[PDB]
Structures are given as C-alpha cells and as structure tokens.
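See structure below.
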Amino acid sequence: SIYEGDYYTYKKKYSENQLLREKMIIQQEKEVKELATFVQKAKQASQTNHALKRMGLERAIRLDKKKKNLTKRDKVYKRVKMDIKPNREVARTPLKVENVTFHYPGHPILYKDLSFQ
Amino acid sequence: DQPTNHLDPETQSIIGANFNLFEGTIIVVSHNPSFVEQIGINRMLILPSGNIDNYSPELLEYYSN
Amino acid sequence: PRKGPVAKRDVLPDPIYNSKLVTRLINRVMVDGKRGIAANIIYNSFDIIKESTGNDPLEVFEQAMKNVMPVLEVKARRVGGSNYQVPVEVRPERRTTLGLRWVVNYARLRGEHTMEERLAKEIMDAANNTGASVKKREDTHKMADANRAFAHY
Amino acid sequence: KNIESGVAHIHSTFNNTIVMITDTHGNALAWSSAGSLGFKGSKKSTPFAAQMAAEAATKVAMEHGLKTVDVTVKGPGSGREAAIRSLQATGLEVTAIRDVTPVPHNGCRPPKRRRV
RNA sequence: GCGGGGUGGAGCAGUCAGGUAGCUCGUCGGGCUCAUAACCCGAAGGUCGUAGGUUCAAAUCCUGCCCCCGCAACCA
RNA sequence: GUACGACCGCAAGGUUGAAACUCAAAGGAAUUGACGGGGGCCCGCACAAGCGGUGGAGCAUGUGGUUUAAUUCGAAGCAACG
RNA sequence: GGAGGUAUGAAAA
Ligand SMILES: [K+]
Ligand SMILES: [K+]
Ligand SMILES: [Mg+2]
Ligand SMILES: [Mg+2]
C-alpha cells in the first residue's frame, strides 16, 4: 500500500482503515449471530409448529449465504515477547578494568591506562 | 553493541522496555536516542577522552563538544 | 522540642589535622562508641587520598564537602487533603550534617573490600564532582527545583 | 511583525493564569499560560507559574518586537502581581496597570454554593 | 434429537488464531483499630471435565466418552 | 393532623376533625461534667530531626491455640504475655 | 463586648 505524506500520515491513514475494517466485520458478525439465533430457535421448536419450522429453513439459507460472504479479520501480527532474567546475582564489582591500554598493531593507541569499575 | 540495529521500530521499543527491567548489569552502546532513554542509563563513559560520568542530559554536552 | 532551640554540644579539633570537621567525620563513621577504630579508618583513608593524589587530604575532603553539601532541601507539608514537598534553604549546620551523612552512607555501600578504601574512593569522587554522594545532592536540588512553585510557603 | 506599544491582558483565575500580549487594538501578538508551560493541577494557580507564563509570553512579544505594554488585570487569581513583576524583569516597560474584573450590577444569578 | 457449557472456593477471561495458565470476589496468615468493618501487606488455591489422537509442543485443534442447563419428542 | 362524614380543588391536595389502642413519661429553662471530624493557649521521645532496633532467619522464654491422664492455678489493649 | 445582611458499638444493672 502506497500513501501520500509522511510516516505519521501513513499511521493515521492505516489505523483508520483497520478501524473502519474492524467495524465492518463486527456488523457482519452481528447479523450472522442474529440469523444463527433464530435458526436455533426454530431447530428446537416442536415439530408441530409447521410455520416456524418453515421459516427456520428459509433463514438457514440466508445464514449460509451470509457465512460465505463474511470477511475474515486479518490476524494481527504478533509482537516479540522477551523475558530476560539472570540465573545468578550481580556483585558490587562485576567488572574491574585497571590501567588498560590497547592499540591495533600499526595504529594509534585508542586509550591509555583506561580504568573503570 | 548497538542492539536496536536492524530491528523494526516496534521491536526496538520492546527491546528497550525489557532491558530497562533487566535485573543485571548492562554495558551498552547505542546511537539511537530513544533506546538509551528507555533503558535509563546510569553512568556514561565518553571516548576517546576517558570520562566515567553520571548519566544525564549532559550526554548532549559531550556530543556537542 | 517545644520549649525552643537547645544548646549544641561542641567538638574539639582533630588531633593530627587540627580540624573539627575531621572529628565530626570520625563521629559519623563511628559505631558502638568504637572511636579508636573510627579514627584509624579515617586516617587510613586520608593517607590513601594523599597517596593516590598529591593534594592534601584535608583540602580534598573539604572539596568533597563543598560538592556534596546541599543548598535547598524539600520538607513535606500536609496541606488539607493534599501532601506535597516544599523547598527550604539548608542552614549550614544541617548542610555539613547532610554532607557527612551522605558521604558515609554511600561509602559503606561501595564495593571495595575495606571501609577506609571505600571512604577514600568516595571522597575522591565527590571532590571530582562525581559519584553517589554528588548524585544524591543533584537529586535533592532537582526535587527542590521541581517543587519550586511552592517556595512561598 | 514590528510593534512598539501594546496591551497585556492577565487573566488570573483560582485554577489557571493566562497572559495575552496584544497590540493597542487588541489583536493578539503572543500569549502563554501556566498549563501551556507544563504546570498541571494545583500548580497552575501558583504565582510562580504565573511568573513563568508572563516571562515566556513577554519573550515571544519582545522577539516579535515590542517595548512598552499597559497591563489589564482580570480575575481573582493570586498570580497577578507575579506576572507583572515577570513582565518588568523580562524587559517590557509597564506603562500603566488597570483592573478590568467584570462587576455585574446584580445581573445574572451565579451558580449554587458548593457543598449543599 | 437440537443447542449451550465443563479453567482455583464462586463467577469469568484466555479457546477462534498451538508455546506463557490469568481477572474479580472469596479463603488463610500478618498488619491498622479499644473492637468490627473498610483499608494495607503476604500466601495458598487449578496440571483447564475425562480418555485417546495431531504436533517438537494441546486449556486451545480433532474424536469419543461422562456430567449440567434449555428445548423437542408430533401436527388435519 | 390519621379514619369517617362534610366542604373546597382540574389535580396535587387544603379546611374541619376523632376513636380504639399504647407508654409513664414527653417537655421548657438552666446547672455540673464528659464529648466535638468547635475555638484559644500550653506541655510530654508525642510528632518532627536523628541513632539503633522489632517484624524476615536459628535458638531462649512467655502467651494463645491444639493435644494430653494431667498438660495446676492466676494475669487479657494501653495498664496480660523473660 | 452584643444584633441583622453577606461506618458501626448486642440486653439488664
Ligand atoms: K529484624
Ligand atoms: K523477637
Ligand atoms: Mg520519628
Ligand atoms: Mg523474628
């Protein structure tokens, strides 16, 4: 998808589109649930209620056509989950660097007598 | 050494937030201003002029100088 | 107390550095009236300071005190149903007290094996305007500045 | 773009203080407020917040070009004098000070008392 | 026969879309209180109804089974 | 200030107006205390400012609870529990 | 000095 503008504009346009798409899928689900609820009510009615049984089958046809045109909501991409925990415990002096000098052979010394704790 | 490199912006924030809660010592290098803020640096070591310093918005002063 | 300010007991100068401040430092570092151990630790730390730095340990300690001693503290005030901090200038007596208190506490928390070594390292860092003690002073000033809107109280 | 004389309306309520520096014809030039400066909750009414608001608004006005201002104080807020002193310190010359707190001649019915 | 359900003591998520067992109330213990309530701090409490498959991995998918709830079990 | 009756009202309700039954009090003013999320003025390691502790762990000891043939009796907020 | 307007706590002693 190609938008005109900057990163924020893309986020604004995108967030709205997924919101408007989400509301569409919600309303399609409500209508399916409504038909489903009536189909079940007819299914469990007495066999002697001919008209209700008839109407139940008629709505079963609409329910089938609905379920075949019902947009699937895209699975939201899952975000990373990190739980970093240390096995052992830190000391008051984890690392001691004292008077450390280093140079790559043939190049100026990067640091001289570097000491930190 | 530059952990947030190559990571998408969403994953960077997740990385920084979880490190902030890490119960251990962290020696980090990062040119990303957002990542260092999330981790909440304590002491900064400036190079090449060795300067073990308390972390602060004075980081900008070293960058300027 | 309710009656009013009370007399402040005095301190004699240090035997070798001839300073009341060093005596106060010995008092702060002392535990269970073991003043002999306290004084030995202080003198060992001062020797370490003179060794690792050519400057006089007394001058270095005074520099650390200047760096650590706060200026504006925050005192909590309960105003109706809301309790918040209020900035307050620190009288010089409490300034030295807070400076010594912070130095000794953070020195004891340091990672060096021996107390005099911890104290010497902390003192030198404070003189150089860095370390836990200086950080505490910065945080105190930061809190006072943040609540500076209530200075009228 | 370039002005020399203006008016400074200080709207100081018990909850917030607003400084509005306009030209002598009322057209807004610069403005600031305790909330605009980041003060929140009770702090917005503190005289210090009024001081900072007047300071920031004055700096913008002077940057635009402005030397003299006449002050109009409105509302019962406690930061009016702090704002005035902040104006003087930031540089704008306080030509005159007047209070324009509206005073209804009875007029409309005020809302109910609190805690009843 | 048609559906709805079985996750901590109770009520509920999580199930679709496989990785990690949660929220609320409740219970136990300790605090605060003259004491109770409210409040504060700790802790426990389920291998997700059950048995098999699928998977590297099943509360989650598949199959059966057992329970509980509602409806139906016959119309001129 | 209810019921019945009557009058008034569009209505809401108003005016008039009981009895059965029930209690040994209800009540006005003022007094002395105590009390107040009343006020004023004071004091005490009361708080605040600090030092060191308890609550966490092992053990000593007292208490509750439980248990027991008995686990003797007494102490129970401060002011019972080395 | 005086006037009007501006959470719980059982029964009997
Ligand atoms: K303890
Ligand atoms: K004990
Ligand atoms: Mg205290
Ligand atoms: Mg204990």
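Residue numbering restarts at 1 in every chain; chains get A, B, ... in the order shown in the structure tokens, and ligands count up from 1 in that same order.
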
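For residue 49 (chain D), the non-local neighbours within 7 Å, defined as residues at least 3 positions apart in the same chain or in other chains and counting only C-alpha atoms (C1' of nucleotides), are residues 149 of chain C; 34, 39, 43, 44, 45, 46, 52 and 53 of chain D.
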
Same residues, C-alpha atoms, output as a CSV table (one decimal), in the first residue's frame:
```
chain,number,residue,atom,x,y,z
C,149,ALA,CA,6.3,26.5,42.7
D,34,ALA,CA,0.6,28.0,33.4
D,39,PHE,CA,2.2,23.2,35.1
D,43,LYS,CA,0.4,24.2,40.4
D,44,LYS,CA,-1.3,26.1,37.6
D,45,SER,CA,-2.6,28.7,40.1
D,46,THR,CA,0.8,29.2,41.9
D,52,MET,CA,6.9,31.8,34.1
D,53,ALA,CA,3.8,32.4,31.9
```

Taking the DSSP secondary structure from the backbone, can you list the residues of region 27-71 of chain A that are helix (DSSP H, G or I), as an mmCIF file with C-alpha atoms, in the first residue's frame?
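Output saved as out_36.cif:
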```
data_model
loop_
_atom_site.group_PDB
_atom_site.id
_atom_site.type_symbol
_atom_site.label_atom_id
_atom_site.label_comp_id
_atom_site.auth_asym_id
_atom_site.auth_seq_id
_atom_site.Cartn_x
_atom_site.Cartn_y
_atom_site.Cartn_z
ATOM 1 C CA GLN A 27 -21.616 -5.755 11.970
ATOM 2 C CA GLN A 28 -21.377 -8.735 9.623
ATOM 3 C CA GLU A 29 -20.902 -10.950 12.679
ATOM 4 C CA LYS A 30 -23.934 -9.468 14.442
ATOM 5 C CA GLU A 31 -26.218 -10.233 11.502
ATOM 6 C CA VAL A 32 -24.832 -13.771 11.335
ATOM 7 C CA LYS A 33 -25.394 -14.221 15.069
ATOM 8 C CA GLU A 34 -28.941 -12.887 14.717
ATOM 9 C CA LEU A 35 -29.822 -15.392 11.993
ATOM 10 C CA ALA A 36 -27.997 -18.169 13.847
ATOM 11 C CA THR A 37 -30.013 -17.420 16.983
ATOM 12 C CA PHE A 38 -33.294 -17.663 15.076
ATOM 13 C CA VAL A 39 -32.237 -20.789 13.176
ATOM 14 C CA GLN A 40 -31.532 -22.491 16.501
ATOM 15 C CA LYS A 41 -34.861 -21.346 17.935
ATOM 16 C CA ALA A 42 -36.684 -22.956 15.011
ATOM 17 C CA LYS A 43 -34.479 -26.056 15.204
ATOM 18 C CA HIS A 50 -45.012 -26.015 10.798
ATOM 19 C CA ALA A 51 -44.681 -22.305 10.034
ATOM 20 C CA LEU A 52 -41.772 -21.780 12.428
ATOM 21 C CA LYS A 53 -40.005 -24.846 11.031
ATOM 22 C CA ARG A 54 -40.562 -23.435 7.541
ATOM 23 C CA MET A 55 -39.202 -20.010 8.491
ATOM 24 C CA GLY A 56 -36.235 -21.698 10.157
ATOM 25 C CA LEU A 57 -35.185 -23.357 6.910
ATOM 26 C CA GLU A 58 -35.653 -20.118 4.970
ATOM 27 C CA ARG A 59 -33.341 -18.302 7.385
ATOM 28 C CA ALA A 60 -30.923 -21.233 7.229
ATOM 29 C CA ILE A 61 -30.485 -20.386 3.547
ATOM 30 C CA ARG A 62 -29.765 -16.729 4.312
ATOM 31 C CA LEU A 63 -27.444 -17.782 7.133
ATOM 32 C CA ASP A 64 -25.482 -19.972 4.721
ATOM 33 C CA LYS A 65 -25.161 -17.158 2.182
ATOM 34 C CA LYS A 66 -24.041 -14.788 4.941
ATOM 35 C CA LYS A 67 -21.386 -17.167 6.261
ATOM 36 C CA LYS A 68 -19.989 -17.455 2.724
#
```

Selection as a VMD selection string: residues within 12 Å of ligand 2 by only C-alpha atoms (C1' of nucleotides) and all ligand atoms = chain F and resid 53 to 62 82

Take the residues from that selection and write them out as a PDB file, in the first residue's frame, keeping N, CA, C and O atoms (P, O5', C5', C4', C3', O3' and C1' of nucleotides).
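The result, stored in selection.pdb:
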```pdb
ATOM      1  P     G F  53      21.288  -1.772  64.347  1.00  0.00           P
ATOM      2  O5'   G F  53      20.344  -2.495  65.405  1.00  0.00           O
ATOM      3  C5'   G F  53      19.125  -3.106  65.017  1.00  0.00           C
ATOM      4  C4'   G F  53      18.139  -3.096  66.157  1.00  0.00           C
ATOM      5  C3'   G F  53      16.914  -3.979  65.998  1.00  0.00           C
ATOM      6  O3'   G F  53      17.174  -5.337  66.302  1.00  0.00           O
ATOM      7  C1'   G F  53      16.251  -1.845  66.759  1.00  0.00           C
ATOM      8  P     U F  54      16.610  -6.497  65.351  1.00  0.00           P
ATOM      9  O5'   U F  54      15.062  -6.543  65.714  1.00  0.00           O
ATOM     10  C5'   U F  54      14.629  -6.887  67.022  1.00  0.00           C
ATOM     11  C4'   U F  54      13.130  -6.801  67.131  1.00  0.00           C
ATOM     12  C3'   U F  54      12.352  -7.560  66.069  1.00  0.00           C
ATOM     13  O3'   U F  54      12.203  -8.934  66.370  1.00  0.00           O
ATOM     14  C1'   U F  54      11.491  -5.367  66.266  1.00  0.00           C
ATOM     15  P     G F  55      12.234 -10.022  65.191  1.00  0.00           P
ATOM     16  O5'   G F  55      10.973  -9.647  64.296  1.00  0.00           O
ATOM     17  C5'   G F  55       9.653  -9.794  64.790  1.00  0.00           C
ATOM     18  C4'   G F  55       8.641  -9.377  63.756  1.00  0.00           C
ATOM     19  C3'   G F  55       8.839  -9.970  62.369  1.00  0.00           C
ATOM     20  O3'   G F  55       8.269 -11.258  62.231  1.00  0.00           O
ATOM     21  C1'   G F  55       8.528  -7.630  62.193  1.00  0.00           C
ATOM     22  P     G F  56       9.195 -12.570  62.301  1.00  0.00           P
ATOM     23  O5'   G F  56       9.386 -12.979  60.775  1.00  0.00           O
ATOM     24  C5'   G F  56       9.411 -11.990  59.758  1.00  0.00           C
ATOM     25  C4'   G F  56      10.323 -12.375  58.622  1.00  0.00           C
ATOM     26  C3'   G F  56      11.289 -13.518  58.895  1.00  0.00           C
ATOM     27  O3'   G F  56      10.699 -14.793  58.713  1.00  0.00           O
ATOM     28  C1'   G F  56      12.475 -11.706  57.957  1.00  0.00           C
ATOM     29  P     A F  57      10.930 -15.947  59.805  1.00  0.00           P
ATOM     30  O5'   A F  57      12.494 -16.230  59.725  1.00  0.00           O
ATOM     31  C5'   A F  57      13.053 -16.904  58.608  1.00  0.00           C
ATOM     32  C4'   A F  57      14.457 -17.369  58.896  1.00  0.00           C
ATOM     33  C3'   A F  57      14.653 -18.131  60.194  1.00  0.00           C
ATOM     34  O3'   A F  57      14.295 -19.498  60.086  1.00  0.00           O
ATOM     35  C1'   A F  57      16.347 -16.493  59.966  1.00  0.00           C
ATOM     36  P     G F  58      13.729 -20.292  61.362  1.00  0.00           P
ATOM     37  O5'   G F  58      15.019 -20.578  62.249  1.00  0.00           O
ATOM     38  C5'   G F  58      15.902 -21.641  61.931  1.00  0.00           C
ATOM     39  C4'   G F  58      17.021 -21.745  62.934  1.00  0.00           C
ATOM     40  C3'   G F  58      16.602 -21.924  64.384  1.00  0.00           C
ATOM     41  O3'   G F  58      16.309 -23.271  64.711  1.00  0.00           O
ATOM     42  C1'   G F  58      18.200 -20.196  64.246  1.00  0.00           C
ATOM     43  P     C F  59      15.159 -23.615  65.778  1.00  0.00           P
ATOM     44  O5'   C F  59      15.748 -23.110  67.168  1.00  0.00           O
ATOM     45  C5'   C F  59      16.910 -23.702  67.727  1.00  0.00           C
ATOM     46  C4'   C F  59      17.501 -22.841  68.814  1.00  0.00           C
ATOM     47  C3'   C F  59      16.606 -22.561  70.009  1.00  0.00           C
ATOM     48  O3'   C F  59      16.577 -23.619  70.948  1.00  0.00           O
ATOM     49  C1'   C F  59      17.599 -20.545  69.285  1.00  0.00           C
ATOM     50  P     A F  60      15.405 -23.682  72.043  1.00  0.00           P
ATOM     51  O5'   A F  60      15.661 -22.397  72.946  1.00  0.00           O
ATOM     52  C5'   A F  60      16.697 -22.377  73.915  1.00  0.00           C
ATOM     53  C4'   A F  60      16.539 -21.213  74.859  1.00  0.00           C
ATOM     54  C3'   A F  60      15.178 -21.078  75.521  1.00  0.00           C
ATOM     55  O3'   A F  60      15.035 -21.909  76.659  1.00  0.00           O
ATOM     56  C1'   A F  60      15.840 -18.985  74.645  1.00  0.00           C
ATOM     57  P     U F  61      13.594 -22.489  77.063  1.00  0.00           P
ATOM     58  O5'   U F  61      12.749 -21.195  77.438  1.00  0.00           O
ATOM     59  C5'   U F  61      13.131 -20.375  78.531  1.00  0.00           C
ATOM     60  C4'   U F  61      12.328 -19.101  78.576  1.00  0.00           C
ATOM     61  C3'   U F  61      10.820 -19.261  78.532  1.00  0.00           C
ATOM     62  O3'   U F  61      10.258 -19.614  79.783  1.00  0.00           O
ATOM     63  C1'   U F  61      11.469 -17.580  77.013  1.00  0.00           C
ATOM     64  P     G F  62       8.881 -20.440  79.835  1.00  0.00           P
ATOM     65  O5'   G F  62       7.767 -19.345  79.531  1.00  0.00           O
ATOM     66  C5'   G F  62       7.456 -18.353  80.496  1.00  0.00           C
ATOM     67  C4'   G F  62       6.478 -17.338  79.961  1.00  0.00           C
ATOM     68  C3'   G F  62       5.170 -17.876  79.408  1.00  0.00           C
ATOM     69  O3'   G F  62       4.234 -18.231  80.408  1.00  0.00           O
ATOM     70  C1'   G F  62       6.038 -16.265  77.927  1.00  0.00           C
ATOM     71  P     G F  82       6.786 -11.195  78.949  1.00  0.00           P
ATOM     72  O5'   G F  82       8.052 -12.161  78.977  1.00  0.00           O
ATOM     73  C5'   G F  82       8.128 -13.237  79.908  1.00  0.00           C
ATOM     74  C4'   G F  82       9.304 -13.091  80.846  1.00  0.00           C
ATOM     75  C3'   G F  82       9.920 -11.691  80.920  1.00  0.00           C
ATOM     76  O3'   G F  82      10.369 -11.437  82.247  1.00  0.00           O
ATOM     77  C1'   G F  82      11.573 -13.237  80.315  1.00  0.00           C
TER      78        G F  82
END
```

ask   = Counting only C-alpha atoms (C1' of nucleotides) and all ligand atoms, which protein, DNA or RNA residues come within 9 Å of ligand 3, given as a PyMOL selection string?
value = chain F and resi 45+47-50

Can you write just those residues out, N, CA and C atoms (P, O5', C5', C4', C3', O3' and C1' of nucleotides), as a PDB file, in the first residue's frame?
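This went into selection-v6.pdb:
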```
ATOM      1  P     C F  45      10.312  14.859  76.721  1.00  0.00           P
ATOM      2  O5'   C F  45      10.090  13.867  75.495  1.00  0.00           O
ATOM      3  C5'   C F  45      10.120  12.456  75.681  1.00  0.00           C
ATOM      4  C4'   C F  45       9.574  11.730  74.477  1.00  0.00           C
ATOM      5  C3'   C F  45       9.530  10.210  74.603  1.00  0.00           C
ATOM      6  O3'   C F  45       8.418   9.694  73.871  1.00  0.00           O
ATOM      7  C1'   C F  45      10.931  10.797  72.803  1.00  0.00           C
ATOM      8  P     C F  47       6.365   9.449  68.860  1.00  0.00           P
ATOM      9  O5'   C F  47       6.238  10.555  67.721  1.00  0.00           O
ATOM     10  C5'   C F  47       5.203  10.467  66.755  1.00  0.00           C
ATOM     11  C4'   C F  47       4.987  11.769  66.027  1.00  0.00           C
ATOM     12  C3'   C F  47       6.093  12.240  65.101  1.00  0.00           C
ATOM     13  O3'   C F  47       6.126  11.551  63.864  1.00  0.00           O
ATOM     14  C1'   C F  47       5.311  14.059  66.382  1.00  0.00           C
ATOM     15  P     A F  48       7.531  11.272  63.140  1.00  0.00           P
ATOM     16  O5'   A F  48       8.117  12.736  62.932  1.00  0.00           O
ATOM     17  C5'   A F  48       7.501  13.644  62.034  1.00  0.00           C
ATOM     18  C4'   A F  48       8.197  14.979  62.040  1.00  0.00           C
ATOM     19  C3'   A F  48       9.695  14.960  61.797  1.00  0.00           C
ATOM     20  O3'   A F  48      10.025  14.899  60.420  1.00  0.00           O
ATOM     21  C1'   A F  48       9.220  16.307  63.682  1.00  0.00           C
ATOM     22  P     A F  49      11.491  14.433  59.962  1.00  0.00           P
ATOM     23  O5'   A F  49      12.458  15.188  60.975  1.00  0.00           O
ATOM     24  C5'   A F  49      13.086  16.417  60.640  1.00  0.00           C
ATOM     25  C4'   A F  49      14.448  16.495  61.273  1.00  0.00           C
ATOM     26  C3'   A F  49      15.324  15.272  61.051  1.00  0.00           C
ATOM     27  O3'   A F  49      16.061  15.351  59.845  1.00  0.00           O
ATOM     28  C1'   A F  49      15.274  15.814  63.363  1.00  0.00           C
ATOM     29  P     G F  50      16.865  14.074  59.299  1.00  0.00           P
ATOM     30  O5'   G F  50      17.819  13.676  60.505  1.00  0.00           O
ATOM     31  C5'   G F  50      18.449  12.407  60.532  1.00  0.00           C
ATOM     32  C4'   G F  50      19.143  12.159  61.843  1.00  0.00           C
ATOM     33  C3'   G F  50      19.521  10.714  62.114  1.00  0.00           C
ATOM     34  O3'   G F  50      20.749  10.352  61.509  1.00  0.00           O
ATOM     35  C1'   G F  50      18.461  11.646  64.026  1.00  0.00           C
TER      36        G F  50
END
```

key: DSSP strand (DSSP E or B) residues within region 11-49 of chain D, as a PyMOL selection string   = chain D and resi 11-12+17-23+28-33

Restrict the selected residues to N, CA and C atoms and save them as a compact mmCIF listing (two decimals), in the first residue's frame.
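Just written: selection28.txt:
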```
# COMPACT_ATOMS: atom_id res chain seq x y z
N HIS D 11 -5.29 37.22 32.66
CA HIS D 11 -6.50 36.54 33.12
C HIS D 11 -6.07 35.52 34.16
N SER D 12 -6.28 35.84 35.43
CA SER D 12 -5.82 35.03 36.55
C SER D 12 -7.03 34.52 37.33
N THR D 17 -3.71 30.79 35.10
CA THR D 17 -3.36 32.16 34.75
C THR D 17 -2.96 32.20 33.29
N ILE D 18 -3.49 33.17 32.56
CA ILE D 18 -3.23 33.33 31.13
C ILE D 18 -2.75 34.75 30.89
N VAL D 19 -1.62 34.89 30.20
CA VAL D 19 -1.08 36.18 29.79
C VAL D 19 -1.26 36.30 28.29
N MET D 20 -1.87 37.40 27.86
CA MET D 20 -2.15 37.66 26.45
C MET D 20 -1.65 39.06 26.13
N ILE D 21 -0.52 39.15 25.43
CA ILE D 21 0.01 40.43 24.98
C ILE D 21 -0.52 40.70 23.58
N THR D 22 -1.28 41.78 23.44
CA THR D 22 -1.84 42.20 22.16
C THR D 22 -1.36 43.60 21.82
N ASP D 23 -1.60 43.99 20.57
CA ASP D 23 -1.40 45.37 20.17
C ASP D 23 -2.41 46.26 20.89
N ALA D 28 -4.14 39.88 18.93
CA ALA D 28 -3.19 39.08 19.70
C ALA D 28 -1.83 39.06 19.02
N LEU D 29 -0.78 39.22 19.83
CA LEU D 29 0.60 39.08 19.38
C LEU D 29 1.26 37.83 19.94
N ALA D 30 1.19 37.65 21.25
CA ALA D 30 1.75 36.47 21.90
C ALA D 30 0.92 36.16 23.13
N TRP D 31 1.03 34.93 23.61
CA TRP D 31 0.31 34.54 24.81
C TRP D 31 0.90 33.26 25.37
N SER D 32 0.70 33.07 26.68
CA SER D 32 1.14 31.87 27.36
C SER D 32 0.27 31.68 28.59
N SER D 33 0.43 30.52 29.23
CA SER D 33 -0.38 30.17 30.39
C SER D 33 0.38 29.15 31.22
```

message = Excluding region 44-57 of chain E and its own-chain neighbours fewer than 5 positions away, which residues fall within 12 Å of it when counting only C-alpha atoms (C1' of nucleotides)? Please give them as a PyMOL selection string.
response = chain E and resi 5-9+14-15+18-19+21-22+26-29+62-68

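Neighbours of residue 73 (chain E) closer than or equal to 10 Å, with only C-alpha atoms (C1' of nucleotides) counted and sequence neighbours fewer than 4 positions away skipped, come out as residues 46 and 47 of chain A; 1 of chain E.
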
Preceding selection exported with C-alpha atoms (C1' of nucleotides) as a PDB file, in the first residue's frame:
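Writing the result to part-v1.pdb gives the following:
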```pdb
ATOM      1  CA  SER A  46     -41.863 -28.557  18.289  1.00  0.00           C
ATOM      2  CA  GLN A  47     -42.206 -30.463  15.027  1.00  0.00           C
TER       3      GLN A  47
ATOM      4  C1'   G E   1     -32.950 -35.486  18.801  1.00  0.00           C
TER       5        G E   1
END
```

task = Provide as number ranges by chain the residues of chain A at most 9 Å from chain C, counting only C-alpha atoms.
result = A: 91-93

inquiry  = Counting only C-alpha atoms (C1' of nucleotides), a student should be able to say which residues of chain C come within 12 Å of chain F; what is the right answer, written as JSON, numbers by chain?
reply    = {"C": [1, 2, 3, 27, 28, 30, 31, 32, 33, 75, 76, 77, 94, 97, 98, 101]}

Could you give me, as JSON lines, a per-residue list for chain E showing, wherever an atom lies at most 12 Å from an atom of region 74-90 of chain A, the closest pair of atoms and their distance in Å to one decimal, using only C-alpha atoms (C1' of nucleotides) and sorting by chain then residue number from low to high?
```
{"residue": "E:16", "atom": "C1'", "partner": "A:75", "partner_atom": "CA", "distance": 10.7}
{"residue": "E:17", "atom": "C1'", "partner": "A:75", "partner_atom": "CA", "distance": 6.9}
{"residue": "E:19", "atom": "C1'", "partner": "A:81", "partner_atom": "CA", "distance": 11.6}
{"residue": "E:20", "atom": "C1'", "partner": "A:81", "partner_atom": "CA", "distance": 9.6}
```

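Between CA of residue 5 (chain C) and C1' of residue 46 (chain F) the interatomic distance comes to 17.7 Å.
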
message = Please find the residues of chain C near chain D - the criterion being any atom within 9 Å, counting only C-alpha atoms - and write them as a count of residues only.
response = 5

Using only C-alpha atoms: which of B:7, B:44, B:52, B:60 has the shortest distance to chain A = B:52

Which polymer residues have any atom within 6 Å of an atom of region 9-20 of chain B, counting only C-alpha atoms (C1' of nucleotides), with same-chain residues fewer than 6 positions away left out, as a short mmCIF file (atom, residue, chain, number, x, y, z; two decimals) with N, CA, C and O atoms, in the first residue's frame?
```
data_model
loop_
_atom_site.label_atom_id
_atom_site.label_comp_id
_atom_site.auth_asym_id
_atom_site.auth_seq_id
_atom_site.Cartn_x
_atom_site.Cartn_y
_atom_site.Cartn_z
N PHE B 35 16.38 4.46 22.37
CA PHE B 35 16.69 3.21 23.06
C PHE B 35 17.38 3.47 24.39
O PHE B 35 17.08 2.83 25.40
N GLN B 38 14.92 4.63 27.16
CA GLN B 38 14.11 3.58 27.76
C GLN B 38 14.90 2.77 28.77
O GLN B 38 14.39 2.43 29.85
N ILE B 39 16.16 2.46 28.46
CA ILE B 39 16.97 1.67 29.38
C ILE B 39 17.27 2.45 30.65
O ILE B 39 17.45 1.86 31.72
#
```

task = Would you give me, as a ChimeraX atom specification, the residues of chain C that come within 10 Å of chain B, using only C-alpha atoms?
result = /C:129-132,134-135

ask   = Neighbours of residue 95 (chain D) within 7 Å (only C-alpha atoms (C1' of nucleotides); same-chain residues fewer than 4 positions away dropped), as a count of residues only?
value = 3
